[PDB]
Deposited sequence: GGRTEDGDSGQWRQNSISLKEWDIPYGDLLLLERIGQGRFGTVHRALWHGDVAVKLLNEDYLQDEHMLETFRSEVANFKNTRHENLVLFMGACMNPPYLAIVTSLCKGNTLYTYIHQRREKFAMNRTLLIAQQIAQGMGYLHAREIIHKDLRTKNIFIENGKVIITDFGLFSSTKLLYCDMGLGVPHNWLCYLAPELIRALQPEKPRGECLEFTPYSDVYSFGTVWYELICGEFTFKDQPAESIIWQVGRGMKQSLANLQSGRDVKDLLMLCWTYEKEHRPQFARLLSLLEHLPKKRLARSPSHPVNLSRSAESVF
């Protein structure tokens, strides 16, 4: 946990601003070079993480910290099928949590009383969340916005993707987005290949 300042979770472990608050409250148009650098750092960090047979079970845009251009990935050993638990009114769904789940995980249970662990996590399902991160970092906002949970669940379970009405670039970035969100698990790429794909610059400056 040294090469990309990976954090294992006030003289150390300092906390501050993150990527989510940056891109949302600041509303600053990130440069293309900064986008490429951040994506490369995230891909390298996750590829290093995947090499130690430990699965990052919760990747969002609030679990990344940027300080002077150095990326930091945190909280990769907490989430599970038990951490979420709510009353008899049904499952308590956070506001922006249902758009980061791959189709194989979106089949959650309603009665909030599952024996054991309902979900099953694999490295194949983790790369799906990287696609949403890149989409929101290149476009400017989330996916499936202004929709209820009972609609997002069914739309994602059918194997859908948000229509690319806000992106203006070449075919490479859209091809990568389609690669990440593939319906079948085995046909998804791996971070070793994705790092090579992103390394070949689609554009410069």
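**Q** What are the C-alpha gaps when you align the coordinates back onto the deposited sequence?
**A** In the chain as deposited, 1-80, 90-101, 298-316 carry no coordinates.
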